[PDB]
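Only one chain is shown below, in structure tokens, and it's the form deposited in one PDB entry.
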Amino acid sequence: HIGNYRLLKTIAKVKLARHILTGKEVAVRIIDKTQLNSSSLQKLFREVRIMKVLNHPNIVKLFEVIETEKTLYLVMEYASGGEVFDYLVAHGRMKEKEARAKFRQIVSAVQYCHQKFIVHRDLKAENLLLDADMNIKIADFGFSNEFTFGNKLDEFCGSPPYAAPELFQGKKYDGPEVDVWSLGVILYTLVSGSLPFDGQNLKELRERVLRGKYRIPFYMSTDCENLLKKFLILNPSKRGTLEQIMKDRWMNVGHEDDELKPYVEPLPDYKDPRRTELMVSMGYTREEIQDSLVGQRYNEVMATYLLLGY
């Protein structure tokens, strides 16, 4: 094993693991640096930094970073509930009351990143993970657990049906309004268990996408069809921001007093007495806990700390 972790089984090389001293499960991406060229190494560590800066409850967290001469271990949040894509396959559509619960979390998460000028650019159901409580954990925001670095044969499973029309018109695919279209598509698959735009191949899928028409089922409320109209607009400049969309009726149904808003980064969690104590009586010194959590080292000490929060 590596660090305070016991590799259990595997699930791009990713391992399920048990933090020995907390018994908490964790995902452990393993990456071989010798097999990387400078251009790719840079992009990696650049994305590792992005992961260290996104502190949101629906964006899979990073717990530790172990880096050796030839290897880089990335210990991150494991989501025991799997993909949103797999769920939707089994249980079919969600109930209007169920989707809203998660679609709030999603839009809050994506919105948070747009604040920092990070657009995800590949939003899909396969990238929305769930934990043991049915809470949303978006993945691949920074570093991607699905994309190898040019070596392998990526299949881009699930990416096309959520692509905005710009992609097929040769127009730029850069701005936040791109995640915005995809959110539309996402929402639609949640309340229907199906695709607004579909086809036998990429040709047919394109045809349907660029036309922008999509069937609304009978069982879909009228407040819902009205939320889709705000996402699936063909012209990128007329698609509204996410701050403007959190103020929708369908979004806030059941939250008459609890209206959705641009998430506010919570203050640095680093001094919790309960965990500082629990740690000391494991064999951690007081100030190494202090230095580790002050400097946000993301080492074996910071990892243990964060893992005690579950």
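Residue numbers here begin at 1 and follow the sequence given. Between two forms, the rigid core is defined as the largest C-alpha subset superposing within 1.5 Å.
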Practice task
Count up the deposited residues without coordinates from residue 11 to residue 12 and drop the result into none, 1 to 3, 4 to 9, or 10 or more.
Solution key: 4 to 9
Practice task
For the higher mean C-alpha B factor in the entry, choose 262-270 or 45-53.
Solution key: 262-270
Problem - 174-182 or 219-227, whichever carries the higher mean Cα B-factor - result: 219-227
Practice task
Among 150, 199, 161, 165, single out the one with the highest C-alpha B factor in the record, please.
Solution key: 150
Problem - Maximum C-alpha temperature factor, selected from 204, 126, 77, 96 - result: 96
Practice task
For residue 63, return the chain-relative third of its C-alpha B-factor as stated in the PDB record: lowest, middle or highest.
Solution key: lowest
Practice task
Classify residue 275 as lowest, middle or highest third according to the C-alpha B-factor given in the PDB entry, relative to its own chain.
Solution key: middle
Fill in the blank from the handout: Tertile call for residue 306 (CA temperature factor, within chain, third-based) is the lowest
Fill in the blank from the handout: So, residue 120's CA B-factor, relative to its chain, sits in which third? The lowest
Exercise for the section: Within this chain's modelled residues, let me know which third the CA B factor of residue 297 belongs to: lowest, middle or highest. Expected result: middle
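Just so you know, the form deposited in another entry exists too; it's not on screen, but the next bit is about it.
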Handout entry: Rigid-core-referenced C-alpha movement of 2 Å or more between this form and the one not shown, selected from 255, 261, 249, 271
Key = 271
Handout entry: Core-superposed comparison between this form and the one not shown, residue 33 Cα displacement 2 Å or beyond
Key = yes
Exercise for the section: Return yes or no for residue 54: a CA shift of at least 2 Å between this form and the one not shown, with the rigid core superposed? Expected result: no
Handout entry: After fitting the core, residue 194 CA displacement of 2 Å or more between this form and the one not shown
Key = no
Exercise for the section: Kindly indicate if, in that other deposited form, the C-alpha atoms of residue 39 and residue 168 are closer or farther apart than in the structure shown, bearing in mind the change is 3 Å or more. Expected result: closer
